[PDB]
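Report on the following structure.
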Amino acid sequence: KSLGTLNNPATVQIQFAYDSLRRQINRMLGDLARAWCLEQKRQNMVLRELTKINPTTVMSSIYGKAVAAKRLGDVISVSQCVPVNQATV
Amino acid sequence: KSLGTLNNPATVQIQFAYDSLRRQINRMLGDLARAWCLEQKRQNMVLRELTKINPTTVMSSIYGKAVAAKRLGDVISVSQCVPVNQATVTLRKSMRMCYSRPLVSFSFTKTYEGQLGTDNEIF
Amino acid sequence: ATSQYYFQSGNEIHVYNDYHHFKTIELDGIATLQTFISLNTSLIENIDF
Amino acid sequence: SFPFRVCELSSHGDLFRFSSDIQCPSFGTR
């Protein structure tokens with residue numbers, strides 16, 4: 001008996017090219033994810049600091065929808081926004 | 001004499017695939033680095049602007065450790081933060097600063113009475 | 001009372017104490033705070049097959 | 001993480017000044 005060698009000396013080199021390029025891209029993604037983590041941590045502080053001035057605008061942007069809020073202490077309470085119809089201005 | 005040609009017409013094409021993909025990725029990294037540079041430049045201004053309101057919180061986040069600071073001019077001076085041990089806390093249930101922050105007392109280190117601050121820091 | 005102010009103007013720093021100035025220092029005389037959270041990505045290497 | 005502290009110190013100490021123009025690092029070559 002014998003093992004069936006195939007005369008294709010290119011398969012091994014194609015695998016190395018894919019494996020080599022995979023290792024470096026995955027390392028770049030990890031480095032980028034760490035930098036984004038630190039930036040998001042700082043942006044949390046800047047959001048809390050600005051909430052002490054105009055809570056309504058900051059809260060509305062965070063939610064993405066028009067809401068109302070009032071900071072009566074270290075915990076911000078969010079109320080519901082009732083809308084009106086364009087009938088009289 | 002002669003040069004020893006090998007019957008492997010695939011090596012040259014594998015090299016092009018690696019070389020072509022390398023050129024484009026390196027160009028994308030350069031474009032991304034430029035954008036991050038401009039964003040960091042703007043974030044420097046937003047940090048300096050906010051320092052004029054509450055220097056202590058901004059400085060603490062930048063350092064990553066609890067510190068103290070006071071802006072007595074265009075150059076901010078950083079002092080050292082001395083900590084205390086959890087040995088005595090007082091929580092009066094009445095408020096009568098306009099009685100906003102609670103009147104609390106502590107002991108050990110030194111002992112005194114004051115108003116509770118923010119982020120577990122006491123005056 | 002004591003009033004340490006030490007403004008900065010142009011390429012010069014003027015230090016004031018008790019509403020009075022007594023010294024002048026260059027910019028490099030005082031360390032500069034840095035906030036440059038930055039990527040450390042590395043370009044992919046070069047390989048000769 | 002965040003321990004109780006009663007420093008409240010505003011005396012003379014280390015000084016630090018905000019930068020005015022951030023220099024952009026570069027990595028181009030070849």
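The way I read the labels, and the way they are meant: chains A, B, ... in the order of the structure tokens, residue 1 as the first residue of every chain, and ligand 1 as the first ligand shown, with later ones counted on from there.
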Might you pull out every residue within 8 Å of region 30-41 of chain C, with only C-alpha atoms counted and same-chain residues fewer than 3 positions away left off, and present them as a PDB file with N, CA and C atoms, in the first residue's frame?
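Listed below is the output, around_17.pdb:
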```
ATOM      1  N   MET A  28      -4.901  43.764  13.802  1.00  0.00           N
ATOM      2  CA  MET A  28      -5.269  45.164  13.613  1.00  0.00           C
ATOM      3  C   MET A  28      -6.649  45.453  14.186  1.00  0.00           C
ATOM      4  N   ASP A  31      -6.404  45.876  17.935  1.00  0.00           N
ATOM      5  CA  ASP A  31      -5.824  47.160  18.316  1.00  0.00           C
ATOM      6  C   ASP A  31      -6.829  48.292  18.143  1.00  0.00           C
ATOM      7  N   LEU A  32      -7.622  48.246  17.071  1.00  0.00           N
ATOM      8  CA  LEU A  32      -8.620  49.285  16.840  1.00  0.00           C
ATOM      9  C   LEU A  32      -9.739  49.217  17.871  1.00  0.00           C
ATOM     10  N   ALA A  35      -8.719  50.987  21.137  1.00  0.00           N
ATOM     11  CA  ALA A  35      -8.748  52.442  21.048  1.00  0.00           C
ATOM     12  C   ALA A  35     -10.173  52.974  21.115  1.00  0.00           C
ATOM     13  N   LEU A  38     -11.497  53.061  24.771  1.00  0.00           N
ATOM     14  CA  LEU A  38     -11.058  54.187  25.588  1.00  0.00           C
ATOM     15  C   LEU A  38     -11.797  55.466  25.211  1.00  0.00           C
ATOM     16  N   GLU A  39     -12.034  55.675  23.915  1.00  0.00           N
ATOM     17  CA  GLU A  39     -12.755  56.866  23.477  1.00  0.00           C
ATOM     18  C   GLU A  39     -14.184  56.874  24.006  1.00  0.00           C
TER      19      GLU A  39
ATOM     20  N   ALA B  33      -6.110  56.678   9.714  1.00  0.00           N
ATOM     21  CA  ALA B  33      -5.265  57.363  10.684  1.00  0.00           C
ATOM     22  C   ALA B  33      -5.421  58.875  10.587  1.00  0.00           C
ATOM     23  N   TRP B  36      -8.717  59.872  12.368  1.00  0.00           N
ATOM     24  CA  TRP B  36      -8.587  59.813  13.819  1.00  0.00           C
ATOM     25  C   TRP B  36      -7.772  60.984  14.348  1.00  0.00           C
ATOM     26  N   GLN B  40      -9.130  63.604  17.273  1.00  0.00           N
ATOM     27  CA  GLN B  40      -8.412  63.817  18.526  1.00  0.00           C
ATOM     28  C   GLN B  40      -8.069  65.285  18.724  1.00  0.00           C
ATOM     29  N   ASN B  44      -9.422  67.582  22.030  1.00  0.00           N
ATOM     30  CA  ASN B  44      -8.574  68.358  22.927  1.00  0.00           C
ATOM     31  C   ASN B  44      -9.235  69.680  23.296  1.00  0.00           C
ATOM     32  N   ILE B  62      -9.084  61.992  33.118  1.00  0.00           N
ATOM     33  CA  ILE B  62      -7.896  61.992  32.269  1.00  0.00           C
ATOM     34  C   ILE B  62      -6.801  61.134  32.890  1.00  0.00           C
TER      35      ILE B  62
ATOM     36  N   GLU C  26       9.959  80.295  29.710  1.00  0.00           N
ATOM     37  CA  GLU C  26       9.597  79.821  28.384  1.00  0.00           C
ATOM     38  C   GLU C  26       8.534  78.728  28.480  1.00  0.00           C
ATOM     39  N   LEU C  27       7.955  78.389  27.326  1.00  0.00           N
ATOM     40  CA  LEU C  27       6.885  77.396  27.296  1.00  0.00           C
ATOM     41  C   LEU C  27       7.380  76.029  27.751  1.00  0.00           C
TER      42      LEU C  27
ATOM     43  N   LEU D  15       2.295  71.558  38.257  1.00  0.00           N
ATOM     44  CA  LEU D  15       1.562  72.362  37.293  1.00  0.00           C
ATOM     45  C   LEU D  15       1.550  71.670  35.935  1.00  0.00           C
ATOM     46  N   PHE D  16       0.499  71.933  35.163  1.00  0.00           N
ATOM     47  CA  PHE D  16       0.340  71.342  33.844  1.00  0.00           C
ATOM     48  C   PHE D  16      -0.419  72.312  32.953  1.00  0.00           C
ATOM     49  N   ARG D  17       0.003  72.407  31.696  1.00  0.00           N
ATOM     50  CA  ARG D  17      -0.574  73.342  30.742  1.00  0.00           C
ATOM     51  C   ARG D  17      -1.130  72.586  29.543  1.00  0.00           C
ATOM     52  N   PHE D  18      -2.304  73.006  29.082  1.00  0.00           N
ATOM     53  CA  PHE D  18      -2.918  72.388  27.914  1.00  0.00           C
ATOM     54  C   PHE D  18      -2.153  72.755  26.648  1.00  0.00           C
ATOM     55  N   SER D  19      -2.032  71.790  25.743  1.00  0.00           N
ATOM     56  CA  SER D  19      -1.349  72.030  24.484  1.00  0.00           C
ATOM     57  C   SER D  19      -2.180  72.943  23.587  1.00  0.00           C
TER      58      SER D  19
END
```
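Residues of chain A assigned to strand (DSSP E) by DSSP on this structure's backbone: residues 68, 69, 70, 77, 78 and 79 of chain A.
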Item to complete: May I have the residues within 6 Å of region 68-75 of chain B as a count of residues only, using only C-alpha atoms and disregarding those fewer than 3 positions away in the same chain?
Response: 9
Contacts between chain B and chain D, please, where a residue of chain D counts if it comes within 8 Å (with only C-alpha atoms); show its shortest atom pair and distance in Å to one decimal, rows by chain and ascending number, as CSV.
```
residue,atom,partner,partner_atom,distance
D:2,CA,B:120,CA,6.8
D:3,CA,B:120,CA,6.7
D:4,CA,B:121,CA,5.3
D:5,CA,B:83,CA,4.0
D:6,CA,B:122,CA,5.0
D:7,CA,B:82,CA,5.0
D:8,CA,B:123,CA,5.9
D:9,CA,B:79,CA,6.4
D:10,CA,B:70,CA,5.9
D:11,CA,B:79,CA,7.0
D:12,CA,B:79,CA,7.2
D:13,CA,B:79,CA,5.2
D:14,CA,B:78,CA,5.3
D:15,CA,B:77,CA,4.2
D:16,CA,B:76,CA,5.5
D:17,CA,B:75,CA,4.9
D:18,CA,B:48,CA,7.1
D:22,CA,B:41,CA,6.4
D:24,CA,B:37,CA,6.3
```
Worksheet item: How many Å lie between CA of residue 76 (chain A) and CA of residue 116 (chain B), rounded to one decimal?
Response: 18.7 Å
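For the choices C:12, C:44, C:4, C:17, the atom-to-atom distance to chain D is smallest for C:4 when using only C-alpha atoms.
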Would you write out, as a tab-separated table, a table of all residues in chain B that have an atom no more than 7 Å from an atom of chain A, listing for each the closest atom pair and the distance in Å to one decimal, considering only C-alpha atoms and ordering rows by chain and rising residue number?
```
residue	atom	partner	partner_atom	distance
B:10	CA	A:10	CA	6.7
B:14	CA	A:14	CA	7.0
B:18	CA	A:17	CA	6.9
```
Discussion item. One decimal, in Å: what's the spacing between CA of residue 8 (chain B) and CA of residue 49 (chain C)?
Written reply: 12.5 Å
Item to complete: Would you mind listing what lies within 9 Å of residue 23 (chain C) as a PyMOL selection string, with only C-alpha atoms counted and same-chain residues fewer than 6 positions away left out?
Response: chain C and resi 13-16
Worksheet entry | Length of the CA of residue 63 (chain B) to CA of residue 51 (chain A) vector [Å] | 22.1 Å
